[PDB]
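Letters A, B, ... mirror the listed sequences (proteins, then strands); counts begin at 1. Note that ligands are numbered from 1 as they come in the structure, with each ligand's atoms numbered from 1 the same way.
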Amino acid sequence: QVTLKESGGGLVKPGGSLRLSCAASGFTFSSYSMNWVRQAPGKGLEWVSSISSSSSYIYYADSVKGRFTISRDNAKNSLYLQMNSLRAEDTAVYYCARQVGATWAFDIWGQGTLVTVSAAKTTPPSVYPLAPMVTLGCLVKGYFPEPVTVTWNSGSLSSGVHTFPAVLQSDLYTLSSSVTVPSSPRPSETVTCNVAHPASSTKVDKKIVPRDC
Amino acid sequence: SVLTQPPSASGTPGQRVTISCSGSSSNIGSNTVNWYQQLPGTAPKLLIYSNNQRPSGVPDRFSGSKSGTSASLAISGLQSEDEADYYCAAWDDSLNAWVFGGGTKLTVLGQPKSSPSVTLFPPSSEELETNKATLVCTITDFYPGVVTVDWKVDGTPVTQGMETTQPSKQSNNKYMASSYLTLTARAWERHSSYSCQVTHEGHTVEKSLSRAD
Amino acid sequence: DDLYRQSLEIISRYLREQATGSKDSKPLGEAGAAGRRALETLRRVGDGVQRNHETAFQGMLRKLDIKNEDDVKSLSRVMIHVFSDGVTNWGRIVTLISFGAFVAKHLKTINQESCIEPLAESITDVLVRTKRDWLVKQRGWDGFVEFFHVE
Ligand SMILES: CN1CCCN[C@@H](Cc2ccc(Cl)cc2)CC(=O)N[C@H]2CCc3ccccc3N(CC(=O)N[C@H](Cc3ccc(Cl)c(CCc4ccccc4)c3)CC1=O)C2=O
């Protein structure tokens, strides 16, 4: 399994610094040029930086010159991006991509890591039940920054789930997730949503109990 | 962006759609073009390398070509699963940088229309205890992915406090969206009739409730 | 020119070890970890070129009739024919250096050992002077290692 996994993304204040890390697995890392490519939410891909196998050739986009520093530790199968003097425009999902030696194609990409450049503070979400086949849900209210993850019954309920995108009110995100189950939300047959907000180390379970309406 | 692409592209199932990528002599004119497909909510993946080569797993329907400073991606037999953002990328000799195109959002129109399944949720008691009231309107299983959401409180159209999510793609090629109405707990108590109205394709689906549960 | 230096180091090292018949263990003082990897790839690729085109290399060596310093000086006019047609790729560059090694091997046996260094700088001369932009674009000796990586 040839993989790339980015880390270090999170909330940082304007003018601040952050270091992104990317771990390579299943290949000879020291024989590849590597790249950083970023994407502002709802916007296009923007190549950030490139570093050859022995770090002899390094390149940066003009938008990042003098502020970002790419480097790699071949002994630790790691690629880094030291970002300094961060501004609102640097808010994006940052991807790590392996470059093919013979064609320069970016054949392997990581899943990405979100960097939010804001003065707003880390806020944990408030999880509320959404009770009216029957559609149940939970409202994940007033968190910051993104992301949050929602599962149902610790991942054992995946059919019929709809996790909607978030909306941004003032400086707080709200999202909801719904689940359609058979016509019996029986006390023995429970429906629980599992909400995680890694930025605030929140791990909340919320059992959805209906009322006669 | 240095490489230009039409912001959007569309076709019907089975049609042949073409996405162009326009560059200069120092990028497309000097180098090979690669294409990336970014499915909704996923990391980009290699689609085409060396102008027209397909990595293992990319179906025959995708083909690419290059002439002068332009490149093209051809998708024969358009399918709803081809709905994604397509990006071309080429190394630029005069910039010493990778240049990605602005991206093309591909929409597959003319599939069989589906009405939205609307579910309305009142605020939870737990949320009312914080002196806030959120009504959640879930909209799923609709095609095309364009909806209008209007809120009514006691027969009068709501003008403030509403937030609708942009439509998002489901696994079965249909769309989903979410709407929120935020009131104070006092305002929730002061009014009784709440309605979320969803308009799709000159046809509107309404779900309503009374606080008198 | 650090690239001229680094290429000269790798090429002169590869040609000297080829004439000797045995590979060294001592470090490279200019090239670095980039040079180590570059020389290692050149040893694997270059030897796989020298074997796969052994008859053609034997024939070219016979036809060239190299026996003195004047012949070694004129070998630069033969080296450019690897780029004469306007074609530049790592496949041509490795062949240019692999044959350089074959000639160096011949120069040692015909006891013209002192002419190996002149030859190594001549190969480096044709490479770095006529193909600088392409080498730099291709990420020099790192790109060379990345291009031939198999996995
Ligand atoms: C004027 N021309 C020809 C006009 C140029 N057009 C070429 C284009 C080309 C060039 C290279 C390659 Cl790999 C593939 C294609 C056609 C060609 O040469 N095809 C090749 C096909 C097979 C072959 C494979 C490997 C090596 C040689 C081959 N040989 C045998 C040969 O004798 N080739 C010479 C040219 C040549 C080619 C490669 C090398 Cl390394 C050298 C030696 C330089 C040197 C290096 C170190 C020390 C001293 C000298 C010379 C013909 C000539 O004199 C061919 O003929």
Would you check if there is a donor-acceptor pair between the side chains of C:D125 and C:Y4 at a distance under 3.5 Å? yes

Could you check whether A:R19 and A:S17, counting side-chain N and O atoms only, form a donor-acceptor pair closer than 3.5 Å? no

Flag for A:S33-C:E146: side-chain donor and acceptor within less than 3.5 Å: yes

Do we see a donor-acceptor contact under 3.5 Å between the side chains of C:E69 and C:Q112? no

For the CH2 atom of A:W47 and the CZ atom of A:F106, what is their distance to the nearest 0.5 Å? 8.0 Å

Going by salt bridge (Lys or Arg N to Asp or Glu O under 4.0 Å), name the pairs with one or both residues in residues 109-122 of chain C, residues two or more places apart or in two chains. C:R16-C:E117

Near ligand 1, at a heavy-atom separation below 4.0 Å: residues by chain and residue number: C:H53, C:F57, C:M60, C:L75, C:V78, C:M79, C:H81, C:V82, C:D85, C:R92, C:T95, C:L96, C:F99, C:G100, C:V103

